[PDB]
Amino acid sequence: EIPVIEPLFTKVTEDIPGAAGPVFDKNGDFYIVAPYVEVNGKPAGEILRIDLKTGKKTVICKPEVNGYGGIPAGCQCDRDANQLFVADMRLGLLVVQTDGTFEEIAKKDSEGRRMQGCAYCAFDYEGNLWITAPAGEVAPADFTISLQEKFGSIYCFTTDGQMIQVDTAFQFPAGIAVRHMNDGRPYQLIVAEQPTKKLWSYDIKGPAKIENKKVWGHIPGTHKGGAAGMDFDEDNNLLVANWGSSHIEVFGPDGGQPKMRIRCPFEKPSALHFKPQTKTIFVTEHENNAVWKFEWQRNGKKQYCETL
């Protein structure tokens with residue numbers, strides 16, 4: 001039997017359609033994304049800042065390219081400048097300034113293929129951004145998602161500006177995380193494949209160089225859904241939102257089966273992110289389309305933006 005804890009979750013804010021992409025920037029401000037905001041039934045997703053002292057929401061960015069609305073879905077903060085890297089299911093990769101300006105980084109990848117819409121991303125400590133792309137081609141192409149068919153891809157957006165496709169044929173690739181050596185070198189990539197209830201691992205040999213794809217962990221449950229967002233704590237345990245299961249799974253450093261589960265007071269956790277230098281985990285969820293927080297046993301693994 002896998003042990004289960006039921007910590008107290010505190011609701012932070014709600015009314016966030018498709019709440020996802022929790023992230024802290026270099027100044028400790030907190031942001032989330034609302035991928036399912038629509039205008040006239042078309043995509044009009046938003047990036048929002050939340051004042052954690054009051055829960056008040058402020059729309060930061062409503063991205064659109066040549067009239068095609070974005071579906072922002074996952075975020076990382078940069079290290080050398082206070083800007084958000086945002087995976088967008090319609091626009092691919094965005095770099096979003098706090099003043100609301102933004103740039104769409106890649107309409108094509110390094111090999112001249114149309115870019116795919118993206119969902120989650122993770123910076124390694126060298127500044128390369130690893131990205132899951134469960135959508136089909138980016139706008140202006142018609143919107144498609146790899147829920148049933150295996151056309152989701154993985155990318156590495158390198159420090160040279162190359163948008164390198166590093167693998168393909170995933171069925172809705174979701175959360176992504178990078179494991180680092182004590183000396184700081186990245187060496188393992190973990191990638192969720194949501195409906196298959198699998199976590200995959202790769203050896204990282206260098207920037208945009210992964211090999212030795214293997215099943216690394218197993219996500220419990222037969223509910224619709226599976227692994228969504230994930231992040232490491234400071235002991236390199238991987239905490240994984242299990243959308244549809246009412247739990248966050250905890251894997252030890254060597255993977256396999258969860259060593260512990262965390263019961264949530266909602267069915268559809270979608271993403272999680274630690275507040276820097278605390279044990280506090282912020283969790284987005286799609287039952288109530290809301291953001292919550294709870295206290296974990298130890299601090300989070302430092303994000304790239306927290307390194308020097």
# chains A, B, ... in the order shown; residues from 1 in each chain; ligands from 1

$ closest_atom_pairs --of "segment 143-189 of chain A" --to "segment 79-101 of chain A" --cutoff "10 Å" --atoms "only C-alpha atoms" --output "CSV"
residue,atom,partner,partner_atom,distance
A:143,CA,A:90,CA,7.0
A:144,CA,A:89,CA,9.1
A:145,CA,A:89,CA,8.7
A:157,CA,A:93,CA,9.0
A:163,CA,A:93,CA,9.4

$ write_last_selection --atoms "N, CA, C and O atoms" --output "mmCIF file, in the first residue's frame"
data_model
loop_
_atom_site.group_PDB
_atom_site.id
_atom_site.type_symbol
_atom_site.label_atom_id
_atom_site.label_comp_id
_atom_site.auth_asym_id
_atom_site.auth_seq_id
_atom_site.Cartn_x
_atom_site.Cartn_y
_atom_site.Cartn_z
ATOM 1 N N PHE A 143 -6.187 24.199 -34.826
ATOM 2 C CA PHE A 143 -5.746 23.667 -33.536
ATOM 3 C C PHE A 143 -6.042 22.174 -33.418
ATOM 4 O O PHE A 143 -7.173 21.730 -33.661
ATOM 5 N N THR A 144 -5.033 21.411 -33.003
ATOM 6 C CA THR A 144 -5.139 19.978 -32.782
ATOM 7 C C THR A 144 -4.315 19.592 -31.555
ATOM 8 O O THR A 144 -3.357 20.284 -31.210
ATOM 9 N N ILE A 145 -4.722 18.506 -30.885
ATOM 10 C CA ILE A 145 -4.081 18.044 -29.664
ATOM 11 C C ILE A 145 -3.869 16.544 -29.759
ATOM 12 O O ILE A 145 -4.757 15.809 -30.208
ATOM 13 N N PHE A 157 14.976 24.455 -26.481
ATOM 14 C CA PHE A 157 15.287 25.791 -26.978
ATOM 15 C C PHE A 157 16.598 26.203 -26.324
ATOM 16 O O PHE A 157 16.646 26.470 -25.115
ATOM 17 N N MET A 163 15.605 26.152 -31.797
ATOM 18 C CA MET A 163 14.403 25.469 -31.315
ATOM 19 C C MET A 163 14.552 24.049 -31.881
ATOM 20 O O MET A 163 14.168 23.756 -33.011
#

$ residues_around --residues "segment 13-30 of chain A" --least-positions-apart "2" --cutoff "7 Å" --atoms "only C-alpha atoms" --output "short mmCIF file (atom, residue, chain, number, x, y, z; two decimals) with C-alpha atoms, in the first residue's frame"
data_model
loop_
_atom_site.label_atom_id
_atom_site.label_comp_id
_atom_site.auth_asym_id
_atom_site.auth_seq_id
_atom_site.Cartn_x
_atom_site.Cartn_y
_atom_site.Cartn_z
CA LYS A 11 -7.31 28.53 -1.61
CA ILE A 32 -0.48 31.90 -13.47
CA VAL A 33 -2.01 31.36 -16.88
CA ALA A 34 -5.65 31.08 -17.95
CA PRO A 35 -5.46 29.06 -21.18
CA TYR A 36 -9.24 28.72 -21.61
CA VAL A 37 -10.22 32.41 -21.65
CA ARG A 49 -0.22 38.26 -11.79
CA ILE A 50 -1.69 37.43 -8.38
CA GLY A 55 -5.58 37.28 -4.04
CA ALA A 73 -0.26 26.87 -20.65
CA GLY A 74 3.06 26.72 -18.72
CA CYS A 75 5.76 29.06 -17.47
CA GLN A 76 9.39 29.39 -16.42
CA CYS A 77 11.19 32.53 -15.28
CA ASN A 82 13.11 39.14 -15.34
CA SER A 270 -2.79 20.57 -13.31
CA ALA A 271 0.48 22.11 -12.21
CA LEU A 272 2.57 22.86 -9.16
CA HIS A 273 5.48 25.15 -8.32
CA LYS A 275 7.67 29.32 -3.70
CA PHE A 282 1.30 26.40 -5.23
CA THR A 284 -3.44 24.96 -9.99
CA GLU A 285 -6.51 22.83 -10.60
CA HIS A 286 -9.35 22.49 -13.11
CA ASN A 289 -10.25 26.55 -11.91
CA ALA A 290 -8.36 27.90 -8.96
CA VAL A 291 -4.97 28.21 -7.27
CA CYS A 305 16.05 31.82 -12.12
#

$ select_by_dssp --residues "segment 113-263 of chain A" --states "strand (DSSP E)" --output "MDAnalysis selection string"
chainID A and resid 120:123 129:133 152:157 163:170 173:180 186:193 198:206 209:218 226:232 238:243 247:251 260:263

$ closest_atom_pairs --of "segment 146-181 of chain A" --to "segment 124-131 of chain A" --cutoff "6 Å" --atoms "only C-alpha atoms" --output "tab-separated table"
residue	atom	partner	partner_atom	distance
A:154	CA	A:131	CA	5.8
A:155	CA	A:131	CA	5.1
A:156	CA	A:130	CA	4.5
A:157	CA	A:129	CA	5.0
A:158	CA	A:128	CA	4.6
A:159	CA	A:128	CA	5.7

$ residues_around --residues "residue 279 of chain A" --least-positions-apart "3" --cutoff "9 Å" --atoms "only C-alpha atoms" --output "number ranges by chain"
A: 233, 274-276, 294-300

$ write_last_selection --atoms "N, CA and C atoms" --output "compact mmCIF listing (two decimals), in the first residue's frame"
# COMPACT_ATOMS: atom_id res chain seq x y z
N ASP A 233 11.61 18.53 -5.39
CA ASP A 233 11.98 19.18 -4.13
C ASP A 233 13.52 19.11 -3.97
N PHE A 274 7.01 25.38 -6.46
CA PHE A 274 7.38 25.83 -5.12
C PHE A 274 7.56 27.35 -5.09
N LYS A 275 7.22 27.95 -3.96
CA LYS A 275 7.67 29.32 -3.70
C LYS A 275 9.12 29.28 -3.26
N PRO A 276 9.98 30.11 -3.85
CA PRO A 276 11.42 29.99 -3.57
C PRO A 276 11.73 30.06 -2.10
N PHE A 294 -0.14 24.58 -0.31
CA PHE A 294 0.02 23.73 0.86
C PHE A 294 1.50 23.63 1.21
N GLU A 295 1.76 23.10 2.42
CA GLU A 295 3.12 22.98 2.92
C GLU A 295 3.63 21.55 2.73
N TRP A 296 4.79 21.44 2.07
CA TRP A 296 5.46 20.16 1.86
C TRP A 296 6.50 19.95 2.97
N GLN A 297 7.14 18.78 2.96
CA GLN A 297 8.08 18.41 4.02
C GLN A 297 9.40 19.16 3.97
N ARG A 298 9.78 19.69 2.82
CA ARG A 298 11.04 20.39 2.65
C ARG A 298 10.93 21.40 1.53
N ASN A 299 11.98 22.21 1.36
CA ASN A 299 11.97 23.24 0.33
C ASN A 299 12.03 22.63 -1.06
N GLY A 300 11.67 23.44 -2.04
CA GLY A 300 11.82 23.05 -3.43
C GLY A 300 13.26 23.04 -3.92

$ decode --residues "segment 131-273 of chain A" --atoms "C-alpha atoms" --output "short mmCIF file (atom, residue, chain, number, x, y, z; two decimals), in the first residue's frame"
data_model
loop_
_atom_site.label_atom_id
_atom_site.label_comp_id
_atom_site.auth_asym_id
_atom_site.auth_seq_id
_atom_site.Cartn_x
_atom_site.Cartn_y
_atom_site.Cartn_z
CA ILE A 131 9.55 21.96 -23.65
CA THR A 132 6.68 19.54 -24.20
CA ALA A 133 4.54 20.17 -27.29
CA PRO A 134 1.28 18.19 -27.14
CA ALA A 135 -0.51 20.36 -29.72
CA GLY A 136 -0.20 20.08 -33.47
CA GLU A 137 1.14 22.89 -35.60
CA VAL A 138 1.03 26.42 -34.26
CA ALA A 139 -1.35 29.11 -35.47
CA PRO A 140 -2.30 29.92 -38.18
CA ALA A 141 -2.79 26.16 -38.55
CA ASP A 142 -6.02 24.68 -37.20
CA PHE A 143 -5.75 23.67 -33.54
CA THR A 144 -5.14 19.98 -32.78
CA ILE A 145 -4.08 18.04 -29.66
CA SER A 146 -2.35 14.67 -29.31
CA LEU A 147 -4.89 13.28 -26.81
CA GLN A 148 -5.47 10.13 -28.89
CA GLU A 149 -2.74 10.14 -31.56
CA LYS A 150 1.02 10.13 -30.96
CA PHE A 151 2.08 13.38 -32.61
CA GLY A 152 3.21 15.30 -29.54
CA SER A 153 6.86 16.29 -29.53
CA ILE A 154 9.68 17.44 -27.23
CA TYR A 155 11.93 20.43 -27.88
CA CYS A 156 15.02 22.03 -26.44
CA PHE A 157 15.29 25.79 -26.98
CA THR A 158 19.01 26.36 -26.59
CA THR A 159 21.12 29.30 -25.43
CA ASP A 160 22.00 29.86 -29.12
CA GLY A 161 18.38 30.41 -30.01
CA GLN A 162 17.85 27.05 -31.72
CA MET A 163 14.40 25.47 -31.32
CA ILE A 164 15.53 21.84 -31.59
CA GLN A 165 13.02 19.01 -31.79
CA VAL A 166 14.60 16.26 -29.67
CA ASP A 167 11.87 13.60 -29.78
CA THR A 168 8.44 12.88 -31.25
CA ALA A 169 5.53 10.42 -31.11
CA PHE A 170 4.21 11.22 -27.63
CA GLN A 171 0.52 10.99 -26.77
CA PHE A 172 -0.08 14.27 -24.93
CA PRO A 173 3.37 14.93 -23.39
CA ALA A 174 2.82 17.08 -20.31
CA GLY A 175 5.01 17.90 -17.30
CA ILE A 176 8.77 18.07 -17.73
CA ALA A 177 11.65 18.36 -15.26
CA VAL A 178 15.46 18.32 -15.28
CA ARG A 179 17.62 16.48 -12.72
CA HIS A 180 21.02 18.04 -11.95
CA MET A 181 24.22 16.80 -10.36
CA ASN A 182 25.38 18.32 -7.10
CA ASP A 183 27.98 20.18 -9.24
CA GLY A 184 25.15 21.70 -11.31
CA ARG A 185 25.42 19.72 -14.56
CA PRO A 186 22.11 18.53 -16.03
CA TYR A 187 22.00 14.76 -16.49
CA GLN A 188 18.43 13.40 -16.59
CA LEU A 189 15.23 14.60 -18.26
CA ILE A 190 11.83 13.41 -17.01
CA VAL A 191 8.81 13.74 -19.31
CA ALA A 192 5.21 12.94 -18.48
CA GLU A 193 3.07 11.15 -21.10
CA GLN A 194 -0.31 11.86 -19.63
CA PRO A 195 -2.92 9.33 -20.89
CA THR A 196 -0.47 6.40 -20.90
CA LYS A 197 0.16 6.90 -17.15
CA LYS A 198 3.92 6.90 -17.80
CA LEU A 199 6.88 9.03 -16.82
CA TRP A 200 9.75 8.71 -19.30
CA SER A 201 13.41 9.39 -18.59
CA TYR A 202 16.31 10.37 -20.82
CA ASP A 203 20.01 10.73 -20.15
CA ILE A 204 21.12 14.30 -20.88
CA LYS A 205 24.53 14.31 -22.56
CA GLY A 206 24.57 18.07 -23.20
CA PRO A 207 22.42 20.89 -24.61
CA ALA A 208 19.60 19.45 -26.75
CA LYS A 209 21.28 16.01 -26.53
CA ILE A 210 19.12 13.31 -24.91
CA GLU A 211 19.29 9.54 -25.32
CA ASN A 212 18.25 6.23 -23.76
CA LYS A 213 14.49 6.78 -23.54
CA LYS A 214 13.05 4.45 -20.88
CA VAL A 215 9.93 4.26 -18.74
CA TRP A 216 11.01 5.78 -15.42
CA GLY A 217 7.83 5.86 -13.34
CA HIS A 218 4.22 4.73 -13.26
CA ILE A 219 1.27 7.03 -12.55
CA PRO A 220 -1.54 5.41 -10.53
CA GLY A 221 -5.16 5.29 -11.51
CA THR A 222 -7.43 4.53 -14.47
CA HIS A 223 -9.23 7.89 -14.35
CA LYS A 224 -9.26 10.04 -17.43
CA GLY A 225 -6.08 12.14 -17.19
CA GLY A 226 -2.72 11.28 -15.70
CA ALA A 227 0.50 13.14 -15.06
CA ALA A 228 0.29 16.90 -15.61
CA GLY A 229 2.80 19.39 -14.17
CA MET A 230 5.68 18.32 -11.95
CA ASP A 231 8.67 19.70 -10.01
CA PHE A 232 11.53 18.49 -7.83
CA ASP A 233 11.98 19.18 -4.13
CA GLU A 234 15.47 19.87 -2.73
CA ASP A 235 16.10 16.15 -2.14
CA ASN A 236 15.29 15.42 -5.81
CA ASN A 237 11.94 13.80 -5.09
CA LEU A 238 9.64 14.45 -8.03
CA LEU A 239 6.14 15.70 -7.16
CA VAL A 240 3.65 15.11 -9.95
CA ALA A 241 0.11 16.44 -10.38
CA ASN A 242 -2.10 13.48 -11.32
CA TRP A 243 -4.97 15.16 -13.14
CA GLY A 244 -8.21 13.30 -12.53
CA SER A 245 -6.98 11.31 -9.51
CA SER A 246 -7.37 13.90 -6.72
CA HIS A 247 -3.68 13.31 -5.87
CA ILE A 248 -0.16 14.61 -6.32
CA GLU A 249 2.27 11.68 -6.59
CA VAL A 250 5.70 11.69 -4.92
CA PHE A 251 8.51 9.73 -6.59
CA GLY A 252 11.88 9.15 -4.99
CA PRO A 253 15.12 9.85 -6.83
CA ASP A 254 15.11 6.46 -8.58
CA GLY A 255 11.53 6.54 -9.83
CA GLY A 256 9.35 3.47 -10.20
CA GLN A 257 6.14 3.56 -8.19
CA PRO A 258 5.20 6.59 -6.08
CA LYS A 259 6.60 6.34 -2.58
CA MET A 260 3.86 8.61 -1.18
CA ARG A 261 0.66 10.27 -2.38
CA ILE A 262 -0.76 13.65 -1.41
CA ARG A 263 -4.55 13.81 -1.41
CA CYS A 264 -5.90 17.12 -2.82
CA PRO A 265 -9.35 18.59 -2.11
CA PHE A 266 -10.09 18.61 -5.83
CA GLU A 267 -10.02 16.09 -8.67
CA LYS A 268 -7.87 17.80 -11.33
CA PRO A 269 -4.51 19.17 -10.19
CA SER A 270 -2.79 20.57 -13.31
CA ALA A 271 0.48 22.11 -12.21
CA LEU A 272 2.57 22.86 -9.16
CA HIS A 273 5.48 25.15 -8.32
#
